[PDB]
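Quick setup: one chain, the form deposited in one PDB entry, written in C-alpha cells, and binding and motion questions come after.
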C-alpha cells in the first residue's frame, strides 16, 4: 500500500534515530487528545499504534516524557516518536509509535454483558493482576495514570496479556504540590475527586481499578450516575455513610455538607451468589473512603484472589500457558521489597 517512511527516535535508550517505514494506515480512535491510527511496520509485518497529538509550542509533551521513562510488560511501549505535518497547516504534530494490542476490557466486558454473561473469573484474575503490576510499576516513579477505565486496558485475546494505555492524563504527583480534580472518567472517580480534592495521591488509580474489578464481577458499573451526587449515592449505598473522619481524609472543606444516613451494606449482597469470597474481600479493600486505607497495587497483587495465578499448573482455558506474571524488578518491588516472598512463588524461583 501507500508506504510512509519517517526518521523516528527510539522511545527508550540511545537517542539514535531510525528510518521507520509503515503502511495500511487506518484510524482506530478519535478524541479530545487527537487521533490514534493502526499501521503495519513494512519491515516486520508487525502492527503498531500511532497516537498523533498536537505539539504545544510553549512546552515539551508531558505524555512523551512519561512514556520515555517506562518499560513494563503490562504497559503499552513507546517504540518510536517523531514530528509531522498533521491536519492543520503550519501546525506541528507529535506522533507516538506504540505497541498495538487488539482488544479492550471495555469491548470484552460489553460482549459478555450483551450476551447476559460474566467474564470467567480466571480472566478477571489475569486481567486485574496485570493491571495492578502496571500500577505498582508507574507508582514507583511517582506517576499516577489518573484515567483508569476499561477503555484504557488493552487485551490480547490469545495470550491473555493486558496492557495499560493512554498516558494523556498521567502525572508525577509530588506531596504539597496541588493537582486538578477534573481528571478521571465518570464511574471510576475516587470520592476525593468528586469532593474536588487537589491533594489526592496515586490511591485514586487503586479506587478506579477496584471499580473495574467490581464491574467485571457484576456485569455493569458498580457506581453509575450522570452527576457526582448520583455517583456518591451509589457509593454510600454500598460502603455506608462516610464518617466525619472519612470525609476529612478525602476533602476537608466538605466536612459540614450532609448526606443521607444509609447503613453499611454487606459486599456479599452486592455480587451474585457464586462470586469467590476473595473477589469480594479484594473489592472491600480497594474501594475504601480513606485513601490511605486502600491496598497498594503491589499489596493487591499479593492478595488471596490472585493465588490461582501463583499455582504452578495454572493454564489458560485455550490450553496456552499464562503470560509473564512473576518477572518483578527491584523498581516494581520498591514500595515493599518483602512482598516478593508471596509475589514470586517457589516454582518461579527454581
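Think of the rigid core as the biggest set of C-alphas that the two forms share within 1.5 Å after superposition. Positions refer to the first chain, counted from 1. Residues that one form lacks are left out of the comparison.
The same protein has a further form, the form deposited in another entry, not shown here; the description that follows concerns it.
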Practice prompt. Determine, with the core as the superposition reference, the one member of 255, 172, 246, 151 that shifts its CA by 2 Å or more between this form and the one not shown.
Written response: 255
Item to complete: Superpose the two forms on their rigid core, then report whether the C-alpha of residue 219 is displaced by 2 angstroms or more between this form and the one not shown.
Response: no
Worksheet entry | Large Cα move at residue 88 between this form and the one not shown, threshold 2 Å, rigid core | yes
Discussion item. Using a 2 Å C-alpha criterion and requiring 3 or more consecutive residues, which regions move between this form and the one not shown after core superposition?
Written reply: 30 to 32, 86 to 88, 255 to 261
